[PDB]
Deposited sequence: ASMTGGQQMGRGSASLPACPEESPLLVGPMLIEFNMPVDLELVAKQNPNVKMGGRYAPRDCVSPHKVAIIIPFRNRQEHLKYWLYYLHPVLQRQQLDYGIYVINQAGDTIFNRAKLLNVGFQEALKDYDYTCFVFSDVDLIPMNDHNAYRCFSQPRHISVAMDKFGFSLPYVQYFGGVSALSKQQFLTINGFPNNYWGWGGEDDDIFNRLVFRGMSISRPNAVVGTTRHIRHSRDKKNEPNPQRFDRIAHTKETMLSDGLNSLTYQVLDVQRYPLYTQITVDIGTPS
């Protein structure tokens, strides 16, 4: 029964999962030690299983500005989890240059476009830097419908704020992201950019996929009021095809590959 053969696909669910994880933010983190403990993660925060081929080619995109301590917690907790999930992944921290109003959604678009320059990713996880999953059965990859990952956050009493809530951590396949023309680029702190994304998905006929809530629990790292759903549905229908990936503009000022992540510092302009 000999002969040259290809590596098998990785299994539907990884056999390496441990389930519940104790998440704490009260100790210091040293990235050199983290890299040493995660020796298989390559420069820029890249990893793929050695013994099987994952159909999950995932770019994990983190919107960022001055949250280095949270990032250190994110990297310390997520790298082991992502490897146990057997993903072919890369970590991208999209750092907003300057001191002007933060624009989360626009940095996420930047992440999608820049991660694609690196590799043919086919799934995109958009994750705030201060959310850590509490159970490794909460898969950080894409499904048949847009995936809402952080479904039961401790900050919201472990309950979904409203059925259309799509914030925190989500995953969209390349096909799913393209068909909604990405995310809006003009939410300069206004709030509700996640509701606009949800409206785009719905208008394109997509629904929300979610892990079972018991394994979808996440911890939020406190830093220096349950959200409510912002309207603007008509707005989204009016503007989604003209404001998004197609109209995205920015300047890349610095690209740094660190052992555990790639950081792209970009100038995304100011509110027009």
Could you name the stretches of the deposited sequence that have no C-alpha atoms in this structure?
1-9, 234-239
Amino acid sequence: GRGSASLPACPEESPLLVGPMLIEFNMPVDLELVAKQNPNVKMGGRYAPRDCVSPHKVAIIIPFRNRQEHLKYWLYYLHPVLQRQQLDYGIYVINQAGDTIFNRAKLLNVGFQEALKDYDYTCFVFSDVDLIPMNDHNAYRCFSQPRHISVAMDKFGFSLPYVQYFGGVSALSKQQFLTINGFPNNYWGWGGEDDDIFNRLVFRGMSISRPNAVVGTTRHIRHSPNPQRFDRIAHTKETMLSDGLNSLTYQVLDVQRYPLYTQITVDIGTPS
From here on, numbers count along this sequence of modelled residues.
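The term rigid core refers to the most C-alpha atoms you can superpose between the two forms while keeping them within 1.5 Å.
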After superposing on the rigid core, which of 184-192 and 119-127 has its C-alpha atoms sitting farther from this form in 5 other deposited structures of this protein?
184-192
Name the stretch that deviates more in 5 other deposited structures of this protein: 38-46, or 230-238? Use RMS CA distance to the shown form, core superposed.
230-238
Averaging CA B factors per stretch from the PDB record, which one is higher: 59-67 or 237-245?
237-245
Should the higher mean CA B-factor in the entry be assigned to 43-51 or to 22-30?
22-30
Out of 126, 74, 121, 187, which residue has the highest Cα temperature factor in the PDB record?
187
So where's residue 103 on the chain's Cα temperature factor ranking, which third?
middle
Where does the C-alpha B-factor of residue 154 rank in its chain, lowest, middle or highest third?
highest
When the deposited Cα B-factors of this chain's modelled residues are ordered and cut into thirds, is residue 7 in the lowest, the middle or the highest one?
lowest
In terms of its chain's C-alpha B-factors, the third that includes residue 82 is the lowest
Compared with the other modelled residues in the chain, in which third is the CA B-factor of residue 192?
highest
